Amino acid sequence: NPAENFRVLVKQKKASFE
Amino acid sequence: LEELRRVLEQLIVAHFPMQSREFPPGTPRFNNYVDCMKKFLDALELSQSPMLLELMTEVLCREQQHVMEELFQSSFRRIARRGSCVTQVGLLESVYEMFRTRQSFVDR
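Caption draft 1: Broad picture of the packing of aromatic side chains. Residue and element names in this part refer to chain B. Under the definition given, this model contains three aromatic pairs over all chains. Here the aromatic cluster, defined as three or more aromatic residues joined through ring pairs, consists of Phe16, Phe23 and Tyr33. Stacked on the ring of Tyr96, the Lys or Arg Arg100 has its end atom at 3.8 Å from the ring centre.

Caption draft 2: Up close: empty space enclosed by the protein. Residue and element names in this part refer to chain B. Estimated volume of the largest cavity: approximately 60 Å³. Forming the walls of the largest cavity are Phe40, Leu41, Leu44, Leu53, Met56, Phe72, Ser75, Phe76 and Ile79. If you tally residues by element for the lining of the largest cavity, the top one is helix α4 (residues 69–81), at four residues.

Caption draft 3: Region of interest: the pattern of salt bridges. All names here are of chain B. Inspection of every chain in the model, using the stated rule, returns seven salt bridges over all chains. With its nearest N and O atoms 3.2 Å apart, the salt bridge here joins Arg78 to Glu45. Placement of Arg78 in helix α4 and of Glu45 in helix α2 (residues 28–47) is noted, with a sequence separation of 33 residues between them. On the basis of relative accessible area, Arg78 is assigned to the partly exposed category, the value being 26%. Look at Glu45 and you get buried, because its relative accessible area is 8%. Salt-bridge contacts for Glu69 lead to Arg108; the nearest nitrogen and oxygen are separated by 2.9 Å. Among the ionic contacts, a cluster of salt bridges with common partners joins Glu45, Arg78 and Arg82.

Criteria and thresholds
Residues numbered from 1 in each chain as written, not as in the entry; some residues may be left out. Chains lettered and ligands numbered in written order. Part of a larger assembly, values for the part shown. Heavy atoms only, no water. Residues with missing side-chain atoms left out of burial classes, pairs and counts. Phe/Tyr/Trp six-rings, centres within 6.5 Å; stacked < 30°, edge-to-face > 60°. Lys NZ or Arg CZ within 6 Å of the ring centre and 35° of its normal. 1 Å grid on protein atoms, 1.4 Å probe; cavity = no way out; pocket = protein on both sides within 12 Å on 5 of 7 lines; lining within 4 Å. Points joined across faces, edges and corners; volume = space filled by probe spheres on them. Helix = DSSP H or I, 4+ residues; strand = E, 2+ residues; numbered from the N terminus. Salt bridge = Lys/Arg side-chain N within 4 Å of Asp/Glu carboxyl O. Buried < 20%, exposed > 50% of the residue type's maximum accessible area, 1.4 Å probe, protein only.

Okay, structure coming up:
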């Protein structure tokens, strides 16, 4: 479920997001 | 009769990937999680079906006291008071066989 969380995270603030 | 646990797995997988606190407590996600765990716990308590017992056990046996394990132990009490002795023995054998962390399964 947090798969979608980080999927939208990395393209909702446009960061590599380690 | 196997479709039951198949769909059980296929649904519960989409709910609790790692923890129950990974979604903040007191929040709609957490709130619905406590609702559904109560629902399974009670429906199984009445049912006394094994496969549900294991499934909710291992998902419980990931993080210590993250899914309200007091309800868990109370459900054990109200189950072990009910049911035929042979039924209880079957449940015990099933949850013994699931044993083979990995330790925490039986422990809790």
